[PDB]
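Structure first, commentary second.
Any read-out appearing in this document is the output of simple, stated calculations on the displayed coordinates, not a laboratory observation. Ideal geometry is used to build each Cβ from the backbone, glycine not excepted, and the neighbour counts take in all protein chains shown.
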Amino acid sequence: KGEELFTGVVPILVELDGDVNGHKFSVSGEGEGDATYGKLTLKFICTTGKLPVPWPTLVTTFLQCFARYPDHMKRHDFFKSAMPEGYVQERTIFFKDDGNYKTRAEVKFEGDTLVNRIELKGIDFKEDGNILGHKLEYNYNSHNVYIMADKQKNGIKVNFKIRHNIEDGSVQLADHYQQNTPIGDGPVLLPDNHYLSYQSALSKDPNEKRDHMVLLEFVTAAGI
């Protein structure tokens, strides 16, 4: 049923409230998702001024239900199956040798719109680190996202490692521990082990005056 919801282009709305080391901020985003192609196009705006952290560190935080699942893996799409009641996506992200982020997000439909409301708390960041120091490059590497069913919880467990390019030519690691649970009491698809393949491109809007980010993602399922 949830799958029917993604037959075409879907409008997305994103809302994030954050606090990193005491710095409070907010972001609003909007865009379109196309699961058929496994394509997402989003634009985010910091509405509280300048973003206290580098945009790139927020990419993973700012819609796995838009993954293109090939016809044969269709039975492993937990994400769409939870729709429209949606799911809760939680994470802890450990930045190597720096602090971590803790996020909680609800993804669901609110009308014809797919909504992603996030809460983020960041702690232990070093003032001189890559994060607070704004030393990341404005680009993004390609990564695989691993999925494993969690029968007991009736959800999934996810893990992956992000590599952030540093201006000095080094790499900054961000270890992602994630959990997804359904919001509703309906039945969901517990999948077999597989992964999502991501590709991303960051950019700016020449006529946009607020601190912002244009994000493009390509996601495709695999491993079955």
Residues (within 20 Å of residue 79 (Cα to Cα) and buried (at least 17 other Cβ atoms within 10 Å of the Cβ)) located in region 40-54 = 40, 42
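If you go through region 61-72, how many residues are surrounded by 21 or more Cβ atoms within 10 Å (Cβ to Cβ) and either out of contact with any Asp or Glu (no Cβ under 6 Å at 6 or more places or on another chain) or among the acidic types (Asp, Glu) (or both)? Walk me through how you get there before you give the answer.
Going residue by residue through region 61-72, those that are surrounded by 21 or more Cβ atoms within 10 Å (Cβ to Cβ) are 62-67, 69.
Keeping just the survivors that are either out of contact with any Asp or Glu (no Cβ under 6 Å at 6 or more places or on another chain) or among the acidic types (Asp, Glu) (or both) gives 62-67.
Residues flagged as surrounded by 21 or more Cβ atoms within 10 Å (Cβ to Cβ) and either out of contact with any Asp or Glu (no Cβ under 6 Å at 6 or more places or on another chain) or among the acidic types (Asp, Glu) (or both) within region 61-72 amount to 6.
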Subset of region 84-112 that is of a type in the set (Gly, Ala, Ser) and at positive phi - its residue that is nearest to the chain's Cα centre (by Cα) | 86
Reported set for region 95-113 where residues are under 21 Å from residue 127 (Cα atoms), charged (D, E, K, R) and either touching a helix residue (DSSP H, G or I) at 6+ places or on another chain (Cβ under 9 Å) or not in a strand (DSSP E or B) (or both) is 96, 97, 98
What's the number of the condition residue 92 fails, among (1) part of a strand (DSSP E or B); (2) of a type in the set (S, T, N, Q); (3) crowded, with 19+ Cβ neighbours inside 10 Å?
-> (3)
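Just a yes or no: is a residue in region 17-30 of a type in the set (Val, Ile, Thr), in contact with a strand residue (DSSP E or B) (Cβ under 9 Å, 6 or more places away or on another chain) and crowded, with 22+ Cβ neighbours inside 10 Å? If you could, list the steps in order and put the result at the bottom.
Initial filter on region 17-30 (of a type in the set (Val, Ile, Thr)): 20, 27.
In the following step, the residues that additionally are in contact with a strand residue (DSSP E or B) (Cβ under 9 Å, 6 or more places away or on another chain) were identified as 20, 27.
Remaining after also requiring crowded, with 22+ Cβ neighbours inside 10 Å: 27.
The answer is yes, given that some residue of region 17-30 is of a type in the set (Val, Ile, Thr), in contact with a strand residue (DSSP E or B) (Cβ under 9 Å, 6 or more places away or on another chain) and crowded, with 22+ Cβ neighbours inside 10 Å.
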Among residues belonging to region 138-152 that are under 14 Å from the mean Cα position of the chain (by Cα) and assigned to a strand (DSSP E or B), point out the one that is surrounded by the fewest Cβ atoms within 10 Å (Cβ to Cβ).
-> 144
Among residues of region 79-89 being in a helix (DSSP H, G or I) and touching a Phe, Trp or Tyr at 6+ places or on another chain (Cβ under 8 Å), the residue surrounded by the fewest Cβ atoms within 10 Å (Cβ to Cβ) is 80
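Anything in region 176-198 that is assigned to a strand (DSSP E or B) and within 24 Å of residue 120 (Cβ to Cβ)? List them, or say none. Steps first, please.
Looking only at region 176-198, we keep the residues that are assigned to a strand (DSSP E or B), and these are 176-182, 194-198.
Correct list: 176, 177, 178, 179, 180, 181, 182, 196, 198.
Before we move on, is residue 51 among the aliphatic types (A, V, I, L, M) and outside any loop (DSSP other than H, G, I, E, B)? Break it down into steps so the answer makes sense when it comes.
On the way: among the aliphatic types (A, V, I, L, M): yes; outside any loop (DSSP other than H, G, I, E, B): no.
Against the criterion (among the aliphatic types (A, V, I, L, M) and outside any loop (DSSP other than H, G, I, E, B)), residue 51 does not qualify.
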Residue pairs within 6 Å by beta carbon, gap of at least six or interchain, first lying in region 43-64 and closer than 25 Å to residue 159 by Cα, second assigned to a loop (DSSP other than H, G, I, E, B) and among the aliphatic types (A, V, I, L, M), listed first then second, are 53/131
